[PDB]
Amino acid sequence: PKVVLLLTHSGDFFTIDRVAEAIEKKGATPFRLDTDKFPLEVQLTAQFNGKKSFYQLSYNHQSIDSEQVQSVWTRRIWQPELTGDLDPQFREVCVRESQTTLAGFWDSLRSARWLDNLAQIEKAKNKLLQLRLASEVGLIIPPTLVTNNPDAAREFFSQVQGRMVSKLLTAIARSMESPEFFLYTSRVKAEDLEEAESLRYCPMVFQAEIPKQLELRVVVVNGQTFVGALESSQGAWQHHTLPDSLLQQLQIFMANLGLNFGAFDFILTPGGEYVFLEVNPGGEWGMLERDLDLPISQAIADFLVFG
């Protein structure tokens, strides 16, 4: 009942600092676990006899056990950082046992309050489920195809009435002066071919390019909503008010993903329709808070320390 576990990457700064400070101003104690640093710099131990099976965690000369953890913040769950040119089977077993051990430790925290529960996060990461559920709840989506059939993709390029089509893929953005990195959906233009031997029969996600006057970033924390907008014309986030009908749909989308935290990307078309693009793959909200003074970290701390 005495620490808030904050799960991040070791190269994360602004968002973790704000949440961590908001947590201690509330009276609680945060503990930062860089998940990329397991297993090289983090030790986990658990013993089972049918007694209590609790876990002990050590990281940077600090240590906690699982009954101390009262809430968990899933800022970033990263794959194990493994250094070098390791033999492939040794590597495969290290990575698989590391993931298994971590999953064992997350299960030992099942009674803490999670923002958010890992099973929800893993499911919600899938863009195809997002689109299916968004359209079911009444959100507008861009026409979208997933296929490993080149014929079906060829046919899809003709049904987008007459617009461009892009391929979609999650990527990491790192440069741009600031020393932080972001997860974002890259959009390469689709100009066909049958090459890419190494991707020949591999499925891809294709989506109709939609015209925008605004990009929206909608961050929802436990029923609080925080909205930034960018004017689009090839930026600084600006305030924006969403209609309540859209907010109600977002909550139904969010409760069907089992999530209490979400960052959503929308566009507003010239015609004025809100189009859902995706749950932002990195849950990225730091620019909103600083550029606009939106107290997102406070709402995060509030959920973690008081529900």
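Heads up: residue numbers just count along the shown sequence, starting at 1.
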How many residues that are in the deposited sequence but not in the model lie between residue 234 and residue 235: none, 1 to 3, 4 to 9, or 10 or more?
-> 10 or more
Per the entry, where is the mean C-alpha temperature factor higher: 49-57 or 35-43?
-> 49-57
Of 120-128 and 154-162, the stretch with the higher mean C-alpha B-factor in the deposited entry is 154-162
Residue selected from 106, 184, 206, 114 by maximal Cα B factor | 184
Looking at 75, 110, 189, 217, which has the biggest Cα B factor in the entry?
-> 189
For residue 140, the third of its chain into which the C-alpha B factor falls = lowest
Which third of the chain holds residue 29 when residues are ordered by C-alpha B factor: lowest, middle or highest?
-> middle
Tertile call for residue 101 (CA temperature factor, within chain, third-based) is the lowest
Residue 228: C-alpha B-factor third of its chain, per the entry, is the lowest
Relative to the other modelled residues of the same chain, rank the CA B-factor of residue 23 and answer lowest, middle or highest third.
-> middle
